[PDB]
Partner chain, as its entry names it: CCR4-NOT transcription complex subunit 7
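The data below hold one chain only, encoded as structure tokens and taken in the form deposited without its partner chain.
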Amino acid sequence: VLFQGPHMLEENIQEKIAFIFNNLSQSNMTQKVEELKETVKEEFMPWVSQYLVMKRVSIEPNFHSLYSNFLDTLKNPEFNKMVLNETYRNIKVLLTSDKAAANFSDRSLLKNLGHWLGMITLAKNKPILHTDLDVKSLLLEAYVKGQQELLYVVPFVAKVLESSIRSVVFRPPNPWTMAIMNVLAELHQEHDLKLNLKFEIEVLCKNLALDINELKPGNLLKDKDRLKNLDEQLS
């Protein structure tokens, strides 16, 4: 379904996969799950993964609970990792892309993918490995590159951390979750940071049932030695 070629029109595999996820509901879910297994070869699941993440998930955050339930009913761990790896691939296209304040779509895509990321990782009690994505280092990197990168990253990080509440492990006061919240707390009390991002962080705090003044900012934004030698995840 990515780069759909000439031979895939007659049978229209994308048009067939699309029939599964559109008009999907809690009512017809078990019917759609069995239909996916019945009408689509197991060899084609990578393409199904690509269609789900890219064509649906990235522009339908209202449907993420439904799609996450789809994965649950499907019970295909191999397909779940396809989706996860495909989720990381899409996140990186946006992270490594060239940023502007003028393009809103790319930021909404990045957020929705972040929200989805947390719903299939944190909320399912599975960690976001730093080999795939280093969240805390992402914030530190966004700080040195300027407001343009911060505008992309901060709401993105907020959307993935929102799922820690529905997690049994990643809820506060998880050392991993709180380590990130402390860096955001550090960014919050920076005269440089725009007001909307300061507001974004406060919204996130209450969304995690936290008092932003009970957080414990460190001195990571002043560690210029650590700031320069970051493994870059942005452009």
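Numbering follows the first chain given and starts at 1. Only the largest set of C-alpha atoms that superpose within 1.5 Å between the two forms is called the rigid core.
RMS Cα deviation from the shown model in 4 other deposited structures of this protein, rigid core fit, is larger for 13-21 than for the other stretch of the pair 13-21 / 215-223.
The stretch that strays farther, by root mean square C-alpha distance over structures and residues in 4 other deposited structures of this protein after a rigid core fit, is 98-106, when 75-83 is set against 98-106. Averaged over CA atoms, B-factors in the entry run higher in 29-37 than in the other of 29-37 and 176-184. Stretches compared: 17-25, 223-231. Higher mean C-alpha B-factor in the entry: 223-231. Across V169, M54, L193, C205, the greatest Cα temperature factor reported in the deposited entry is at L193. Of the residues listed, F156, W116, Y88, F104, the entry assigns the biggest Cα temperature factor to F104. In this PDB entry, the Cα temperature factor of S58 sits in the middle third of its chain's modelled residues.
In the deposited entry, the Cα temperature factor of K81 sits in the bottom third of values across the chain's modelled residues. In the deposited entry, the Cα temperature factor of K99 sits in the top third of values across the chain's modelled residues. When the CA B factors of the chain's modelled residues are split into thirds, the value for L122 lands in the lowest one.
When all modelled residues of the chain are sorted by CA temperature factor, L151 is found within the highest third.
There is also a form deposited with its partner chain bound; it is not shown, and the following applies to it.
When its partner chain is considered in the entry with it bound, only one residue from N125, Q147, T73, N103 comes within 4.5 Å through any heavy atom, namely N125. Not displayed here, its partner chain is approached by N174 to within 4.5 Å at the level of heavy atoms in the entry with it bound. Though the partner is left out of this view, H115 does not reach within 4.5 Å of its partner chain in the entry with it bound, counting heavy atoms only.
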